[PDB]
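# Got an experimental structure here, sequence first:
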Amino acid sequence: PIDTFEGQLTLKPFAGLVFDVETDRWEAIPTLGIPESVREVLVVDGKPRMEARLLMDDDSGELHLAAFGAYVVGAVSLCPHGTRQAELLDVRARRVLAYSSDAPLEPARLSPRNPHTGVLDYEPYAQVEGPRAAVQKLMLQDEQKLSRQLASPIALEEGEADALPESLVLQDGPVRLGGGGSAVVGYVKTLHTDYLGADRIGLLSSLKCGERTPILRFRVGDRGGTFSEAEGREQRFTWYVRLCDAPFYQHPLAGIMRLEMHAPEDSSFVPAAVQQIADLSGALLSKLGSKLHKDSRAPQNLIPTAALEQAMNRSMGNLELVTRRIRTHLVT
Amino acid sequence: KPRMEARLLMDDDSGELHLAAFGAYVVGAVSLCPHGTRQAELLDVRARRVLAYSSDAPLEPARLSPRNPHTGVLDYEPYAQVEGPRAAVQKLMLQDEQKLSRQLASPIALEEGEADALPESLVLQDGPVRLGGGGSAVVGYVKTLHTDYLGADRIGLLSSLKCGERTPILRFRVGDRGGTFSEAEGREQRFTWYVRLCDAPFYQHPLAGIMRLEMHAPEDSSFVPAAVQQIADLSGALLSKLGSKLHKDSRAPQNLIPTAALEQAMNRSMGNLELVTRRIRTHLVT
Amino acid sequence: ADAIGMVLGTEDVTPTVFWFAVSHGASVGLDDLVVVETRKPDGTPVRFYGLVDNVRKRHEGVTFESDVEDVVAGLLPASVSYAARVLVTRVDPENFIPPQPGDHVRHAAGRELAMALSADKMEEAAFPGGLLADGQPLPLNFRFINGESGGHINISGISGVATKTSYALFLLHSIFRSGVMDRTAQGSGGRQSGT
Amino acid sequence: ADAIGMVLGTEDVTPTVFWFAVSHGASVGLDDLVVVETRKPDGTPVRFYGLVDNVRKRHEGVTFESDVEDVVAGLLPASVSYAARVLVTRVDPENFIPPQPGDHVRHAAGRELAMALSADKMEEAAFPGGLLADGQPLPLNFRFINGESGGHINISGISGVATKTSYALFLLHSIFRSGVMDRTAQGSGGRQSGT
Amino acid sequence: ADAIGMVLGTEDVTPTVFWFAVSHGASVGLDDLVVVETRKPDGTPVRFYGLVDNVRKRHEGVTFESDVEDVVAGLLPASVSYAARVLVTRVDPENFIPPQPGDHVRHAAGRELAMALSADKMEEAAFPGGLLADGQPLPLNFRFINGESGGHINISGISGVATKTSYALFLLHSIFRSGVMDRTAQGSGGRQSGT
Amino acid sequence: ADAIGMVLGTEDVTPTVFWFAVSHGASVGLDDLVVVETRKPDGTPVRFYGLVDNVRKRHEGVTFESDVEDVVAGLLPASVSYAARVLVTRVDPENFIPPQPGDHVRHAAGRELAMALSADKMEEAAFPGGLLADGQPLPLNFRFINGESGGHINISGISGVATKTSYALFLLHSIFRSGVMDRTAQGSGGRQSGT
């Protein structure tokens, strides 16, 4: 007889249910974290937007859908030692047009006096998925170029002990299939893969804050895209980290974050290379853990990303004026 | 209007997590005189809440207010692995639609065979007509446009019709949109016709301002079509007055004047989201 | 007479001063006397007599000023919101309650004009000495001009452009030709001045 | 004296002044004194005596200025709120505890009115010099008027329309015909004035 | 004495003025003396002395006023807030720091009341010049009344209703009967007045 | 000496007056002199000397006042926000730029205290006549007390409780015993008063 509230966040995905990701080799060895000297750590994020939905027919008699959505990515530079404050490395404004197989033209914009906008072309799936023609692809495109943008600033990959990561990077959500060689770290937030077992949950709730679970091997099979046919089966390294002791009213599972680390199959070199990262993440995220009282999502958040996401909303203009501009262009 | 207070998650000596929610829903009605003798009034607005818990069987349905906080302790069975995020978002809307039809089923004008009696008190429901209503004299209006394109010629005439007139009554089998494996009686029959409220803005699509209505009728009755013939002419001018002017609301066309004021009344009927969350938080720890 | 508009409810409708709106129709200026009908729940009617002094319009539906002002001319959902304030002169019965927001307001041009300017109080000696915007003479209490109740006349204003001496002659012309002195003379009862 | 409304708690209800909302039915006008009863935690009831000095109605439920009044008249669900300011004159017990929001308010004309006008301290010399809105005579104090406690009578205003002398004669008429001269005469005890 | 509540923190707690919330139970009225303890980070206690002179109640949990007061009475999630302001009299240590929002406030009953009224400067001449709201006399200083440092006693107020001579007699009765002159006269050591 | 806090940025940081926050640590009172270091982008350092006069705390994290005040004591995410204002006395160089929000501020106790009280301008004749909260004497310009530059002494305050005559004796004791007159006597150069 025990009930409590558990923090969770989900806006875009639908029918995620609650699953079981357990594949092989789970062990119970709680190890404390030790800080390590690294020059810089990068946290990146993206934000989608929807300007106006479109619906056109051109001498065909069948309707087609389009949208003027926008997406902006950005990164923040942090020094773990704490010599100076953070700095926003870059924030660039980009927009997309997602139209069905109709082939519009004239991708030009002219500001009469005040307003400016970017017009371009893109192909969502060349009946059709009407409402979701631009809610799932635009996010997919947003994370596609975000990884490409993050792939340029990357610490040199080490075999076993070749070189320490000079500039660490951090990505939201699970690690994507695109990143296979770059030294990247991802953090997930969904709690749909939490209950590992009877004993595993007992130790997970009882672990003290600041320590990390031992590295486990995952086959990344079920979550992989169906009929991907990229190379076959990949492997990921995962370990849990705790940021806080969780509020008394909140569920004991609160404050636990799972991280991903893509590794080649049976490489036996990367596990020795990312061993420092396993100890590094013990104290890095503890400092990066958002203190509870300011944010509505008291756990399960970071200080820079909260300020970063608000920065993207400033990068794009107000929703009213951009809609006023595109409305005038449509009639003319 | 549905509401979500706080999502729950419990495990009671089982080792497998279970979910629950403390959502809320409130229904309401507004009474209008089409002639325009007096202003509209709100007939009733009642506050109701539900608890949607999986197969764990909680007990003790007791609530006590120390001084200020009032809330309702509840129970219901959503589906008695399990649906994680959508076990309380599609459920609570479904239950809200269930009792709303039941509440509306009490004030109903007497059904007429062919010309027995005119509808004394007309009613109007949001969205398509539900499967529950089979005998009551109800009229439903939908808003979504996923069935707009009837054909090459139908769209041409649909855009060219002037405001205030209605399309002829058509027969639908309502079988595809019905719930799978419903096994109630099979395929029912509905009567549909389009009504235009405005001439549409120059910039906006010409199809804007066109509303589809439903009228559930028995199969090949041949009496209801003569009975609802007056409603077909009645809806031509009734919805024209109800149409909201295109400068107040953000969704300027495809809307109604009283529903905007009505939906805001529901949000006032329930308290602020902050205080109710504060009360349930204190009850959980104790 | 059709009602000009409706009494507002968003602003305060305090019996001293209350805002009201004007429907599309007859225009409302400044310093025009209007009367509003108020129906108490018990059943007794109440009338409020007052004059307007502040009037305004506001363009609703536009948020960014002067950025969509030209857009409204070409294509945009926008309208106007015409409103004005009323300063009540006096209430027909003796009770101070706020007028119900939602009842019509109409101008006073017949008898209702008389109670607005206290013409019932000054009935026997109703001396006209001015005209309003419409064809309604303004009554002046001659009992105050003369020594029956006491008082004098004081005309003030900027010299030159303001025609000061024209008003003194007009009042002199009106007093000596409207027969006000003849009317007040009757019912003397041995009064001091009955000529 | 049925209940007329509820003590509004949205605005500050400091013991000096507190708003209250009037329920549909019994209306409330200006200068109509009301009494509010409040229960203290220990068990001692507390009553407030005060006269209203400001009333207003707000058409709650709309936000666009003078744009939905035509809609309200024709078809819209809305309600009006009747709120009135109350300023207290004196409290029943000698303590300052603000009234509990959600109390019942009622205007009283019986014994409760005596504490409203400080009639407890003046019983043998009660002087009716005027009438209130209801069948309520306002008791003045004859001690201040005469030399028992010192004081005079001062009447001011604009001459003419204000019938000053008529009220002065009324006070003189009421002094002689109410027996107030006789009541002070009894129990003279050899005082200076015994006639 | 159990604490009557904690210190509000949503409003500024500047050492001159700090609001405090009163918990359920005891009620506080205007002109009451209260004290608050404050743990300095160095560990030394800090005490504030002051009197309440502004109390209020606010109805928390309502969006639009008076449209749910009847609903709140029947069934609705609402709240009542019982707050009170304090003007500090003197701080026990000679420093000015803000008290921590979240500290307990309690009334003064014994020596704390004396320290609140600066009675520590009155040891030979502690003069009861009346009674407080509770059963503790207010001690005044006879030195400021007599001619040891100069200074008279001034009584003001409107006459008739407010008895002024009666209180002046009460002060004289308290001077002669309490024996404060004897306590001042003793230990003269060549004082000008010792009788 | 560890920095007490940091300069805020949400409020204006105008060079005349600027707010600053205090980290968990040494407390900050009123009328305490502090100095902040400012680094211009070119490289020249700037120091601002000022005294605090307004201090406050605010409970952040709670929205509904006095509804969750008790909840914070038991279980709630809440903290404090301790801040104070600085009135600058003078700037070490001669320029007026706002201090950069994000730089540390520290108390002045050594030489930095001297420039705060203009001790460099009055060096030869530094007459101590008062002590601050800590063990730092307050320098008085004896050149202003005497006729070297002109001036007098005027002690004011409420008679009685305020020890007025005690300050005159203390200054007389300090002048005649600190050797201020002896120091100013040297370097006479045939001055008018060299004794």
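Yep, it's here. Residues are numbered from 1 along each chain as shown, chains lettered A, B, ... in the order given.
# mind listing what whichever residue of the stretch 201-332 of chain A sits closest to chain F touches?
Per C-beta to the nearest C-beta, residue A:293 is where the stretch 201-332 of chain A lies closest to chain F, at 3.7 Å. All C-beta spots, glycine's among them, are computed from the backbone N, C-alpha and C. By C-beta atoms under 8 Å, 6 or more residues apart in numbering or on different chains, residue A:293 lies in contact with F:60, F:61, F:77, F:78, F:79.
# Tell me the one of those residues nearest chain B?
For the contacts of residue A:293, the nearest to chain B is residue F:77 (11.2 Å; C-beta to the nearest C-beta).
# pretty sure the closest one is touching residue F:59, no?
No. Contact criterion C-beta atoms under 8 Å: residue F:77 and residue F:59 do not qualify, at 11.5 Å.
# Could you check which of those two has the larger neighbour count?
A count of neighbours by other C-beta atoms under 10 Å in any protein chain shown puts residue F:59 above the other of residue F:77 and residue F:59, at 22 against 14.
# hmm, back to that, helix/strand/coil for the residue of the stretch 201-332 of chain A closest to chain F?
coil (DSSP: H, G, I helix; E, B strand; the rest coil).
# Check the burial of whatever residue of chain C ends up closest to chain D by counting its neighbours.
Using C-beta to the nearest C-beta, the closest approach of chain C to chain D is made by residue C:9 at 2.3 Å. Taking other C-beta under 10 Å as the criterion, the count of residues near residue C:9 is 28.
# Identify the single longest strand in chain C, thanks.
strand C:45-58 (DSSP state E).
# where exactly do the helices run in chain C?
Taking DSSP state H as the criterion, chain C carries its helices at C:69-74, C:111-116, C:142-145, C:165-177, C:180-185.
# do the same with the stretch 151-300 of chain A
For the stretch 151-300 of chain A, the helices defined by DSSP state H, counting those that start in this stretch cover A:198-206, A:270-273, A:275-288.
# Make TSV from those helices and add mean neighbour count to it.
As requested, the helices of the stretch 151-300 of chain A are exported to TSV (neighbours: other C-beta atoms under 10 Å in any protein chain shown):
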stretch	mean neighbour count
helix A:198-206	14
helix A:270-273	17
helix A:275-288	19
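# In TSV: the ones you listed, plus distance to residue F:169.
TSV is the format used below for these (distance: least, C-beta to C-beta, whole Å):
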stretch	distance to residue F:169
helix A:198-206	72
helix A:270-273	81
helix A:275-288	60
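# So which of the ones you listed is nearest chain C?
helix A:275-288 (39.3 Å).
# Residue A:326 should be in a strand, yeah?
No. Counting by three-state DSSP, residue A:326 falls outside a strand, being helix.
# That one: neighbouring residues, count only.
If we define neighbours as other C-beta under 10 Å, then residue A:326 has 17 of them.
# tell me which residues in stretch A:257-269 are buried?
For stretch A:257-269, the neighbour count (16 or more other C-beta atoms under 10 Å in any protein chain shown) marks A:257, A:258, A:259, A:260, A:261, A:262, A:263 as buried.
# Of those, just say which sits nearest to residue E:36.
Checking those against residue E:36 by C-beta to C-beta gives residue A:257 as the nearest, at 42.2 Å.
# Quick check: bridge partners of that closest one?
Beta-bridge partners for residue A:257, by DSSP bridges, are residue A:241.
# Isn't it up against residue A:188?
Yes. With contacts counted by C-beta under 8 Å, residue A:257 reaches residue A:188, the gap being 7.4 Å.
# in the chain, which spans are strands?
In the absence of a named chain, this looks at chain A. A:3-4, A:40-49, A:53-56, A:64-67, A:70-78, A:87-95, A:167-172, A:185-188, A:216-218, A:235-242, A:256-263.
# think we crossed wires, I meant chain C
C:5-7, C:17-22, C:33-39, C:45-58, C:81-91, C:104-107, C:126-131, C:137-141.
# Quickly note the distance from the spatially closest residue to residue A:210 that is not a sequence neighbour to residue F:127.
Spatial nearest neighbour of residue A:210, excluding adjacent residues (C-beta to C-beta, 6 or more residues apart in numbering or on different chains): residue A:286 at 5.1 Å. Residue A:286 is 57 Å from residue F:127, where distance means C-beta to C-beta, to the nearest Å.
# again, but for residue A:223
Taken as C-beta to C-beta, the span from residue A:223 to residue F:127 is 82 Å.
# Between the two, which has more neighbouring residues?
residue F:127 (24 against 12).
# Near chain D, which residues of chain C are found?
Counting by C-beta under 8 Å from any C-beta of the partner chain, chain C comes close to chain D at C:5-6, C:8-10, C:12-15, C:21, C:23, C:40-42, C:58, C:60, C:79, C:81-83, C:95-98, C:100-102, C:121, C:143-144, C:149-151.
# overlap between these and the residues near chain B?
Among the residues of chain C next to chain D, the ones lying near chain B by C-beta under 8 Å from any C-beta are C:60, C:79, C:102.
# closest to chain A among the residues you listed?
For these, the minimum distance to chain A (C-beta to the nearest C-beta) is 15.6 Å, reached by residue C:60.
# show me what contacts the residue in chain A positioned nearest to chain D?
Using C-beta to the nearest C-beta, residue A:320 is the residue of chain A that sits closest to chain D, at 17.7 Å. Counting by C-beta under 8 Å, 6+ apart, residue A:320 touches C:63, C:64.
# Next one: it relative to residue C:85, how far apart?
Computed as C-beta to C-beta, the residue A:320 to residue C:85 distance reads 32 Å.
# Is the residue of chain C closest to chain D in contact with residue D:63, as I believe?
No. Using C-beta under 8 Å, residue C:9 is not in contact with residue D:63, being 11.6 Å away.
# what residues are up against residue A:250?
Per C-beta under 8 Å, 6+ apart, neighbours of residue A:250: A:4, A:5, A:6, A:7, A:299.
# out of everything not next to it in sequence, what's closest to the first one?
For residue A:4, the nearest residue in space outside its immediate sequence neighbours is residue A:251; the separation is 4.5 Å by C-beta to C-beta, 6+ apart.
# Count the neighbours of that neighbour for me.
Counted with other C-beta under 10 Å, the neighbours of residue A:251 add up to 24.
# was I right about it contacting residue A:5?
Yes. Here residue A:251 reaches residue A:5: they are 6.5 Å apart, a contact under C-beta under 8 Å.
# Distance of the residue positioned nearest the centre of chain C relative to chain E?
Closest to where the C-alpha atoms of chain C average out (C-alpha atoms, centre = their mean) is residue C:33, at 2.4 Å. As judged by C-beta to the nearest C-beta, to the nearest Å, residue C:33 and chain E stand 33 Å apart.
# now that residue, which residues is it bridged with?
residue C:51.
# Buried ones in stretch A:114-121, by neighbour count?
Residues of stretch A:114-121 classed as buried: A:115, A:117 (neighbour count, 16+ other C-beta under 10 Å).
# Residues contacting stretch C:42-54, please?
C:15, C:28-40, C:84-93, C:95, C:97, C:99, C:108, C:112, C:115-116, D:27.
# what do you get for stretch C:59-67?
The contact list for stretch C:59-67 (C-beta under 8 Å, 6+ apart) reads A:114, A:320-321, A:324, B:247-248, C:68-69, C:72, C:76-81, D:64-65, D:67.
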